[PDB]
S.K.: 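Once you've had a glance at the structure underneath, I'll fire off some questions.
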Amino acid sequence: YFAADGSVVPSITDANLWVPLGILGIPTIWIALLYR
Amino acid sequence: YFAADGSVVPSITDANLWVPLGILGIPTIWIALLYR
Amino acid sequence: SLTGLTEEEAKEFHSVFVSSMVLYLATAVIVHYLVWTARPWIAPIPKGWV
Amino acid sequence: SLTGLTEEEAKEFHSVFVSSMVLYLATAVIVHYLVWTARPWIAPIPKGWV
Amino acid sequence: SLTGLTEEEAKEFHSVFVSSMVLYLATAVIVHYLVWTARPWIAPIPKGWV
Amino acid sequence: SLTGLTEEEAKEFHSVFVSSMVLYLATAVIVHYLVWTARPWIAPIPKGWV
Amino acid sequence: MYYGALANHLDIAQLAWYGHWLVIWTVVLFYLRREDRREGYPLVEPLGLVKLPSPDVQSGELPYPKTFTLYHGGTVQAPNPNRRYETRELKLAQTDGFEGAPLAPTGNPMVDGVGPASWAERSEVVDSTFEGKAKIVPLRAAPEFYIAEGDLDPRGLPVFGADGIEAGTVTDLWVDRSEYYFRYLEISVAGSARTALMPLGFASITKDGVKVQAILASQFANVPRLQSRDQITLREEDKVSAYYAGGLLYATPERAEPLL
Amino acid sequence: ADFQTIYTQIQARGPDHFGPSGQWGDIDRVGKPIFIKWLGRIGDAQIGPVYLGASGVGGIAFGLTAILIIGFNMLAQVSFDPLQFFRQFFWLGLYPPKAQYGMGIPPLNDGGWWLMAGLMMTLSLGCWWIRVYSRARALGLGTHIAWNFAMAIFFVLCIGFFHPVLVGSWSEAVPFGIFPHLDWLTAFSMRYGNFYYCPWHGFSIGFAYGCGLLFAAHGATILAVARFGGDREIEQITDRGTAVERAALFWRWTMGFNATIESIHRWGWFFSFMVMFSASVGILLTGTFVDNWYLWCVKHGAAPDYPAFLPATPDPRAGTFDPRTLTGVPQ
Amino acid sequence: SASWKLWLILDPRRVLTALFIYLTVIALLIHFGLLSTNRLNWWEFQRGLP
Amino acid sequence: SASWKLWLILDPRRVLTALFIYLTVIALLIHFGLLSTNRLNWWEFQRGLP
Amino acid sequence: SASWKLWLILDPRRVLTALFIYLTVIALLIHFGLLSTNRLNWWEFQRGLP
Amino acid sequence: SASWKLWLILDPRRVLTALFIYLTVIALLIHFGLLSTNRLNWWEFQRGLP
Amino acid sequence: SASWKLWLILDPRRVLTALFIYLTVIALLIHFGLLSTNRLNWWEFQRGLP
Amino acid sequence: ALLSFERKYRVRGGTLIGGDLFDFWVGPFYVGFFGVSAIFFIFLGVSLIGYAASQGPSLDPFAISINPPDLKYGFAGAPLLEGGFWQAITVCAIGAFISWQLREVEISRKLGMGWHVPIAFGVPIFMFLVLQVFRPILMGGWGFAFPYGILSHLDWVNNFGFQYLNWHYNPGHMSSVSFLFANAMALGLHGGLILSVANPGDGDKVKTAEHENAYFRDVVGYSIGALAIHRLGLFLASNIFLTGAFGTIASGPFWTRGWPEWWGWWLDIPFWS
Ligand code: BCB
Ligand SMILES: C/C=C1/c2cc3[nH]c4c(c3C)C(=O)[C@H](C(=O)OC)c4c3nc(cc4[nH]c(cc(n2)[C@@H]1C)c(C(C)=O)c4C)[C@@H](C)[C@@H]3CCC(=O)OC/C=C(\C)CCC[C@H](C)CCC[C@H](C)CCCC(C)C
Ligand SMILES: C/C=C1/c2cc3[nH]c4c(c3C)C(=O)[C@H](C(=O)OC)c4c3nc(cc4[nH]c(cc(n2)[C@@H]1C)c(C(C)=O)c4C)[C@@H](C)[C@@H]3CCC(=O)OC/C=C(\C)CCC[C@H](C)CCC[C@H](C)CCCC(C)C
Ligand SMILES: COC1=C(OC)C(=O)C(C/C=C(\C)CC/C=C(\C)CC/C=C(\C)CC/C=C(\C)CC/C=C(\C)CC/C=C(\C)CC/C=C(\C)CCC=C(C)C)=C(C)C1=O
Ligand SMILES: CC(C)=CCC/C(C)=C/CC/C(C)=C/CC/C(C)=C/CC/C(C)=C/CC/C(C)=C/CC/C(C)=C/CC1=C(C)C(=O)c2ccccc2C1=O
Ligand SMILES: CC(C)=CCC/C(C)=C/C=C/C(C)=C/C=C/C(C)=C/C=C\C=C(C)\C=C\C=C(/C)CC/C=C(\C)CCCC(C)C
Ligand SMILES: [Fe+3]
Ligand SMILES: [Mg+2]
């Protein structure tokens, strides 16, 4: 997110962070479940 | 959609978003059912 | 048969294949919604567009 | 048969093939309407067009 | 079988393969979060972007 | 026969082939009328044309 | 100031040029020439002046032998110690005392098997298909092989010698079953109860007949004989081919003489 | 004349037989062989069966995608006019970026499509190399062909990818097109000062001419001993007949030394490999460590000089512009 | 009336494949030829008239 | 009524493979063609517009 | 219904490897095409924006 | 689940070799593509910003 | 008339294929050649008139 | 001094001229009348090259250049330092090449071989004649020929090419280059295939001709065959020069414009403008 002085401060709450996590985490879950 | 300032605020209610979802979701449904 | 698979192998493979295809398509749908929240890529019709 | 399929196999394949092709074309129709709502791609005859 | 593996060899390889793949994907997820803390690479929509 | 079709297979294929060809040509006719309504592509002879 | 500089007048490309030459000449002299020496070496000096190393030791120019494991059986080495010595008592006499002096046949070189009529000491085995059958066989013994449709069938054609005299009649074709390629013509030779094989390369074939520049008609009688009727060994192939090749130089005395 | 060495007069036909079995993939050996008659005159008449495999499909898919990208951009170059596409085909091209973007991914309109096509072609070559290698392994053969092929692919990467990386600019890479990629040859030679003065250009040409000489000599040699069964080279390797003894003696009496029926193939492999190896080294040296090959040769004393025939004319711009502007951006 | 006998000699599969390819080539030629004009191009903004 | 008999001659696998390749090529052609225009390009910032 | 019988004719190994390659091709095309735009490139600093 | 039966038709050794090659290609493409940018290059001094 | 005996020697399939290709080539030449002229191009806006 | 299988092949006869006079070997070399003439021309030409280089501006091996006369001299003998040495060395080179080819004919006659190798060697000799004799004759002087020097003959090739503004568009050149590349690739394939069959791996069996056919039928769907690949290699190698000669001889005598403009025969067809 943007902090004081308009400088980025990364965090687990950044909305865009859930584009990669979703792309990576979601298959990783069901791959772990469907093929066992 | 366009906010009061003309900025872009994406949302599920965006009309254009239903072009990709429609292209992706519709086969995803009937593929699930035709070959169920 | 033509592919060497037995009937039960055909049924098992069909089940898994359809499940995987649908799961991949559904995660693609979810991912595309998330990306739209990141970048709404089909812009509205601009002012002078015809 | 030249293909090796039997009559019942050919009938089942024909049923599913025609269903799949029709469903594909129908989603093509619906999608094209949605795209037209996004971009009405055949503009009307312009002012001086002959 | 076509590959020459026995059923037990196939099962052993499958368990090891799925375990390795899941471990690899999970460390990818953790590593991608760490990188995001170093460089949050999907910027928010900038001003004037449509 | 040289193709492997029997007499009745040849007749049935001929019937479906002709029906498909005629339907394709007819929808082409209708589509050309609709396109003409969209774009009257054969303009009348312009002024100084000889 | 510059990329690639190693001194005032030393740069990377200059060194890489000499490195490239080193690569080329090391590969050529250290490896390729050693490979070239896997047949016919060590060299022999029948009329030499000095003592050479014994032919049965690894004398320094010789590569260490490699082993080919044959598809259908045992092994061969290269250099081959069994092919090292040739023992046939060639019918040839020196025209002069030194090794660089050519030899002259002592009579009937084509039959003797010297000069262009020389044959190598190949293994006396029938070359085979990868399925284990004899590779080169007459069409009478391979009914599953045939001349392609519309191609000239030479069976029944008259065979004429180099002197234009009719020498025989084509009786059969011999096909290579691995390659699907015709390699020999079998010829019933006039004046005997005897068939002679001829490599298809020595035959000029028309619808009228086949003509053989290589040998006279009368010399077809002395073509080397197959021990079996419907198969041929590798050494037999060498002998049969070398007979006609020797005829290229020996069929008539004029063929061995210069223009001027 | 041995007319068999010119063509095959009497073609042979036989059973439709499966080839030697591979360790895997016999299931993927597909197609009913067809026999075309004119082809059997100059070679084997039989077409097929062909092996599908996974790597073959990958090669086809990536290659067709690259071809589609190139062809579509060519078609766009004539504004989609089909007759003009047909007329102008040889002059059409998909070009790498014309502006300087460094190694950054360029826009679609100025090199992005070129980059996507280059990547697709690279992946198709990778898949086809896998096919070459693994078919050699499956049939129990050595992988010599695959390593020669690898050297060729490496040269393709040098001129399309590696040199742009080393100097830092996609604009240096080869465009796709019939006449355009030759245009690149000339422009690249000029930029780096006459490739005729690049020693590795000379090595690559020496080995290419050497391939011409070696294949002419070896093909003519095998044809000349074809009446002794010289073409059956594997058997001669394992049990040497008079054909290869005569071949060896011909070359020995001609030039004082000779190969064997096996080692002449090592010579051929080496020469073909060295074409690509020398070319790759030359391209990797160019621009990164040498800017002007002619001036490099002059520095190292190799370049000839000649008297002027017409009067010698000094540079009329001498000392009027900054020499950094020749190859560098002014600002 | 004996036209069906054509399929006794002309191999329906070959004709279907040839028609598929042929009509595709014609359609591509027409669509791309129209797109190369200003008057009948429907993709791009209108050109060729003020 | 007898259309299913097509699959006794026309080989389902060949048709499915050919359609897959054909429709992929057509789709790529259309998406690339639209991307090459100014009016219907949906990726880049709108240009070519007065 | 009888859809699993597809794998009695259509050879699951070839299908799975072909799909892997095909989806790789499309994914690479999309990712690198997007990186070739100003509007939708997520790696670089935003360009082409007034 | 019969997922392990996949290894009876897909040759684990070639699968592992292919996956090693594929993931190496992807990793190299990503690392070097990021290095080709100003924003996400982590080797060089930061460029592309005031 | 004994003209029909031509088909005892001339192989109707060869003639049909030859005519198909031949007439297609002629028609393509005519259509695209006419489109290469100012006077008879019916697709584009009229050009080459004062 | 002899290969272990050699002695039976060293028989008299097969010479074109000289008979028993020069029909002998020196070490491994067969001599003959044309071996004698080849040594004569080789020694004379190399010695003339040496002396002429000694009189040039640089003795660096790559900078040595022996050049033909000026165009004004036409076909006349030039002063030795001004093109006459080039003329003498050209004559020596032609004599050496032809002597070598004819000695190859004698050697192949002695061995009962086909004459394919000297006939194939005829092709580069013919290209040399096209470059140094036939095209100079059509252009009107020995001054159009290339000079003798490692880098200077490259300068001649370069400037000859740019005299027609882009030599890449020469159709004969396009054919010649296609054959050059095809030949190098085919030699790589053929060497690799033979070596792969004879050298499968660690303790593995030498494979067969059926394996050769199977490999290429798998990879590309076609196998040309064992004899046919040698025929094809000879064909491609020969066609490098056989089709290049047309572009070379045409450049100037049959075409004075830039080579790219020659393709106007296609581009400027009135039907498609
Ligand atoms: C800017 C100018 C260019 C140019 C100018 C050009 C000209 C003018 C000509 C060619 C020709 C040729 N060019 Mg081209 N060139 C080629 C390749 C080729 C060849 C395929 C072809 C034939 C070469 C030849 O005739 O040698 C001749 C070699 C001979 C004659 C060898 C003779 C050997 C002799 C018989 C025996 C000699 C033995 C030794 C003396 C003995 C050594 C003793 C040992 C012991 C040491 C490529 C692949 C390229 C690329 C990559 O762009 C290219 C670019 C250019 N060429 C530039 C664009 N080139 C020729 C051609 O055919 O064009 C249509 C030709 O005339
Ligand atoms: C010094 C050594 C050299 C050398 C060596 C070696 N070279 C090899 C090998 C070795 C060792 C192999 O083992 C390999 C092979 O297998 O051999 C049989 C191969 C190969 N060298 C080819 C081409 C080649 N070598 C050149 C040069 C040298 N090689 C130099 C000289 C040149 C030049 C100079 O231009 C060319 C063009 C292919 C035939 C083949 C790879 C196929 C491929 O990677 O396929 C990849 C697959 C595709 C691109 C898919 C294609 C799909 C269709 C058919 C295409 C589109 C059709 C569609 C209808 C669109 C129409 C338009 C379209 C036609 C435009
Ligand atoms: C299309 C077919 C082709 C082909 C074919 C074949 N090629 C053959 C044969 C066949 C079939 C043989 O049978 C014969 C041989 O034995 O092989 C071992 C031979 C040979 N190919 C040589 C060189 C070669 N092939 C080239 C090209 C092709 N080859 C094309 C590709 C090229 C190129 C392109 O540069 C070169 C340099 C020699 C090594 C050898 C001749 C020995 C000779 O002739 O001995 C006699 C002469 C000498 C040993 C020296 C003569 C020196 C004179 C007097 C003084 C120098 C004069 C000279 C003009 C100076 C030039 C300066 C320079 C800087 C500009
Ligand atoms: C350094 O030495 C080398 C060379 O010299 C330079 C080379 O040229 C080469 C070959 C070529 C290159 C390096 C240039 C092109 C290479 C690039 C871009 C990197 C390497 C990439 C490849 C070799 C191929 C690229 C292919 C892909 C990314 C698609 C991968 C998909 C595949 C293989 C099919 C999907 C299937 C699966 C993942 C599992 C199932 C697979 C099978 C049943 C069969 C697979 C078979 C095998 C043998 C792997 C190699 C390999 C080499 O080591
Ligand atoms: C008294 C008196 C007058 C004496 C004179 C004696 C005399 C004539 C001496 C001549 C001395 C001279 C001039 C020697 C020069 C010899 C020459 C031209 C040497 C050049 C060697 C070069 C550079 C060759 C280039 C080609 C090359 C790389 C060849 C290496 C590979 C080899 C050996 C190819 C030949 C070769 C081929 C092509 C096969 O197909 C084949 C098939 C089966 C078995 C063996 C062979 C084989 O050896
Ligand atoms: C690090 C990052 C981020 C990325 C790296 C990507 C990468 C590895 C890129 C590699 C690029 C490379 C190796 C490029 C090399 C290119 C080279 C060497 C090209 C050379 C020559 C090309 C030629 C001669 C091409 C000719 C092409 C044609 C004539 C195609 C014709 C096509 C058709 C007729 C098809 C028509 C189709 C129809 C629908 C319109
Ligand atoms: Fe060979
Ligand atoms: Mg237009």
Side-chain angles (χ1 to χ4, degrees), chain I, chain M:
Chain I
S1 184
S3 307
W4 58 268
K5 290 187 179 65
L6 181 78
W7 314 116
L8 296 180
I9 72 171
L10 232 191
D11 202 74
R13 297 190 307 282
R14 206 164 106 84
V15 180
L16 287 182
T17 305
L19 275 183
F20 187 73
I21 299 167
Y22 178 85
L23 297 184
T24 301
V25 166
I26 302 301
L28 289 182
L29 289 180
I30 299 171
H31 280 98
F32 281 129
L34 296 176
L35 290 171
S36 64
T37 70
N38 294 321
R39 178 165 172 272
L40 295 173
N41 187 296
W42 68 98
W43 280 1
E44 187 54 282
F45 294 120
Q46 184 63 60
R47 301 145 307 170
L49 55 84
Chain M
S1 178
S3 301
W4 58 269
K5 297 188 189 187
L6 179 65
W7 310 118
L8 299 183
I9 66 171
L10 205 66
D11 191 2
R13 279 156 284 124
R14 184 169 193 260
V15 183
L16 286 184
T17 309
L19 275 182
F20 184 69
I21 298 174
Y22 182 88
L23 298 184
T24 298
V25 169
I26 299 300
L28 284 180
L29 287 174
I30 298 178
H31 280 101
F32 280 116
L34 292 177
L35 291 164
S36 310
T37 71
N38 286 308
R39 180 161 169 274
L40 292 175
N41 184 312
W42 68 97
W43 283 355
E44 191 57 86
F45 296 120
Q46 177 60 63
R47 293 173 179 176
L49 281 177

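Protein chains get the first letters and strands the later ones, always in sequence-line order, with residue 1 at the start of each. Scope of the values below: all heavy atoms of this structure, side chains included, with no hydrogens, waters or symmetry mates.
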S.K.: Taking all heavy atoms of M:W43 and all of I:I30, pick out the closest pair and write down the distance.
M.R.: CH2-O, 4.3 Å

S.K.: Whether the side chain of M:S36 engages the backbone of M:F32 through a donor-acceptor N/O pair (distance < 3.5 Å, no angle test) should be reported.
M.R.: yes

S.K.: At a heavy-atom separation under 4.5 Å, does M:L28 approach chain I through its side chain, its backbone, both, or neither?
M.R.: side chain

S.K.: Check each atom of I:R47 against the heavy atoms of chain M and say whether the ones under 4.5 Å are side chain, backbone, both or neither.
M.R.: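 Only the backbone of I:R47 comes within 4.5 Å of chain M.
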
S.K.: To check you understand the geometry: which heavy-atom pair defines the closest contact between M:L10 and M:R14, and what is its length?
M.R.: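 Answer, listing the atom of M:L10 first, then M:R14: O-CB, 4.4 Å.
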
S.K.: Hey, what's the ring geometry for M:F20 with I:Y22, parallel, tilted or perpendicular (30° and 60° as the breaks)?
M.R.: tilted

S.K.: Under 4.5 Å heavy-atom distance to chain M, tell me which part of I:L34 shows up: side chain, backbone, both or neither.
M.R.: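 I:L34 touches chain M through backbone and side-chain heavy atoms alike.
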
